[PDB]
There are 2 protein chains.
Amino acid sequence: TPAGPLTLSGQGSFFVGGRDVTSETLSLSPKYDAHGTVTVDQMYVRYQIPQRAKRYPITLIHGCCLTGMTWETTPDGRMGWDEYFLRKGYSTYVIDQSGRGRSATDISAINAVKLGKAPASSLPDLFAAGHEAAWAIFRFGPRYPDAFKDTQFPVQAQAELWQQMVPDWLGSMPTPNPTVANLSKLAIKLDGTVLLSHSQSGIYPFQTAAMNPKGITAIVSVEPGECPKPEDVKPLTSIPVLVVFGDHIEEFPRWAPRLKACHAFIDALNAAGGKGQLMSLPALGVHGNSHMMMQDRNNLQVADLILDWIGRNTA
Amino acid sequence: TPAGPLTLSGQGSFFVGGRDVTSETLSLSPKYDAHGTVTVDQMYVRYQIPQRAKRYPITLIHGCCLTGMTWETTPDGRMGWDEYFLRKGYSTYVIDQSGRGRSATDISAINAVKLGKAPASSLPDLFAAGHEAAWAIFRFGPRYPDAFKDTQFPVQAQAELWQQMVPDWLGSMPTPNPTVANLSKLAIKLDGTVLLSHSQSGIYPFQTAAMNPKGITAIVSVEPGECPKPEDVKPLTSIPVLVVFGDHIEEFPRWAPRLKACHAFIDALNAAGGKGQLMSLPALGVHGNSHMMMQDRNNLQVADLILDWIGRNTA
Ligand SMILES: CN1Cc2ccccc2N[C@@H](CC(=O)O)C1=O
Ligand SMILES: CN1Cc2ccccc2N[C@@H](CC(=O)O)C1=O
């Protein structure tokens, strides 16, 4: 944990993309006009630039049920990857996905239903993760609230983890998510960035690269919900890819086939003349990591492994 | 404008408050369990600590239809108050209100209706500000898209301002807003903070202080939607109060009575033995400021006026 002060050459915030929508259900009060134009699908980006920044920034992309908070102070109060990457001399761009956190949703259809201007079927598909289900999906232990004896997650700060979990609007937006096109715009503007994503967003950087490879220096995908199909690897052959998996995988039916499918993806990518690696942490002698490995007690060691791979693959 | 790098003694993020809710409608899907517990009403807080930080941090509290992005890089890419306060030696705590931005809402009621289990009238009360209506409320000009000739707002970056506007769930939360109790918990934990709020949240610090004055060093309220009533000043007489108004007020029926009512508040506060000041920017020879004065082209001059008062009233 590099202690002491942190010096920033630059910092700021901006949005990427967005579309203007005409609505007639913005308000339910006669005090406000229900007719107007709003901007939706834009992506919030917060950036920090260290002194003597390395050539390529890292863009950090959270998964479901969470925001860019994912990468900030861990639930138990320790340094997160955002601060760590900065201290290691990488410029960092931390997003909130379209329709999440500080990135605006459209509430038009909800108010439409409440006003009678649309049927209940127009209501968006929404999801929030309960503590009990999250426990098992995160692989903290076999069932809530029992932890694996060797878990790296600070389970004593479980209440704080729950504080950072939010409703997810993914199901009410297209596939690919508008985040995908926004990530292409960001990478082009930056003229080269490493895209580092997680879980729900694990597939995003591959989808972005398939849309337009420009500006995508490398991909790091942490325990993705899905990897690209073996037959889809051709457009990816020029971009170094790292897929990272933690521990206690085989005991979970949700996770075991994903690791298997990701191995198949990496193998096919490499067979096609590409450059992929499946980093399994237990195979490297690093044990106990949860799905929330960026927040685990050895999160900086996990960061080092990833950063070493980035350094060797962006030279 | 202060140039060059910025050094931080520390930075991080955490949440304040929250309550657990058991819901039967967290999901619409047969895959994911619709029954579970979520945490709602927690308040996101991002802090930065400069070297040799002043004794009292400033807590920045956004208004409606917006998030803590309010105080970050302006829409046209210039330094915001958050960075500026840091450079002037103040620790800053920038929040997302409960139920806004990175602070979780409960989507249970929306899913219940989509599942046919509850009627459309049970849907939450949601609002979004249209560009055209916001233009007039912000006082950029009389009606969209005509700008006052002397406006301090960077109207050329209106598109970027629209990107940072988001749906507002205030109507579906209790009163006082859960943000109020969370600001007390924050102020007490910090053992003294200046609360600086805006518009919708203009009243929040006063409600907080009347609830519990502990840790509230001073209040700065920027163009509040309401000031306390003259008869309600007695819990506030030991806390220095600044209320700030910009320009082009009298031509707007929304705004003219709020200035007048805030004058009555301040006069009665002083008369009850308190310490209040209504800072009217045009009365100080500062012209053209909009409702979004923290984003205006002279935003650092406005900050200087505010910081001068803070310095003199916290010594
Ligand atoms: C961050 N995260 C973990 C997660 C936690 C709780 C509920 C779902 C869920 N889904 C995953 C995605 C998936 O496994 O398909 C996710 O994105
Ligand atoms: C940030 N902001 C300005 C605003 C802009 C657009 C719509 C409403 C609205 N309400 C105000 C509150 C009010 O005037 O009662 C607000 O918070």
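For the numbers below, each heavy atom of this structure counts, side chains included, while hydrogens, waters and symmetry mates do not. Indexing begins at 1, ligand by ligand and atom by atom, following the structure's order. Numbers restart at 1 for each chain; the letters A, B, ... are given by sequence-line order, proteins then strands.
A salt bridge does not link B:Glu223 to B:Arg254: none of the charged side-chain nitrogens sits closer than 4.0 Å to a carboxylate oxygen.
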Filter the ligand 1-protein atom pairs down to N or O on both sides and distance under 3.5 Å, then list them.
{"from": "ligand 1", "atom 1": "2 (N)", "to": "A:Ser199", "atom 2": "OG", "distance (Å)": "3.2"}
{"from": "ligand 1", "atom 1": "14 (O)", "to": "A:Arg254", "atom 2": "NE", "distance (Å)": "3.1"}
{"from": "ligand 1", "atom 1": "14 (O)", "to": "A:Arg254", "atom 2": "NH2", "distance (Å)": "3.0"}
{"from": "ligand 1", "atom 1": "14 (O)", "to": "A:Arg258", "atom 2": "NH1", "distance (Å)": "2.8"}
{"from": "ligand 1", "atom 1": "15 (O)", "to": "A:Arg254", "atom 2": "NH2", "distance (Å)": "3.4"}
{"from": "ligand 1", "atom 1": "15 (O)", "to": "A:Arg258", "atom 2": "NH2", "distance (Å)": "3.0"}
{"from": "ligand 1", "atom 1": "17 (O)", "to": "A:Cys64", "atom 2": "N", "distance (Å)": "2.9"}
{"from": "ligand 1", "atom 1": "17 (O)", "to": "A:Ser199", "atom 2": "OG", "distance (Å)": "2.9"}
{"from": "ligand 1", "atom 1": "17 (O)", "to": "A:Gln200", "atom 2": "N", "distance (Å)": "3.0"}

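Using modelled atom types, no side-chain atom of A:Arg102 and backbone atom of B:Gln164 make a donor-acceptor pair closer than 3.5 Å. No side-chain donor-acceptor contact under 3.5 Å links A:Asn177 to the backbone of A:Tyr204.
Looking at residues two or more places apart in sequence or on another chain, you find no salt bridge (charged side-chain N to carboxylate O under 4.0 Å, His left out) involving B:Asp247.
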Discussion item. Under the criterion salt bridge (charged side-chain N to carboxylate O under 4.0 Å, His left out), I'd like the reasoning laid out for B:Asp146 against B:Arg139: C-alpha separation, chi angles, the key distance, then a yes or no.
Written reply: CA-CA 10 Å; B:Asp146 296 327; B:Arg139 311 193 308 287; over 6 Å; no
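A:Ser201 OG to A:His62 NE2: the interatomic distance, rounded to the nearest 0.5 Å, is 7.0 Å.
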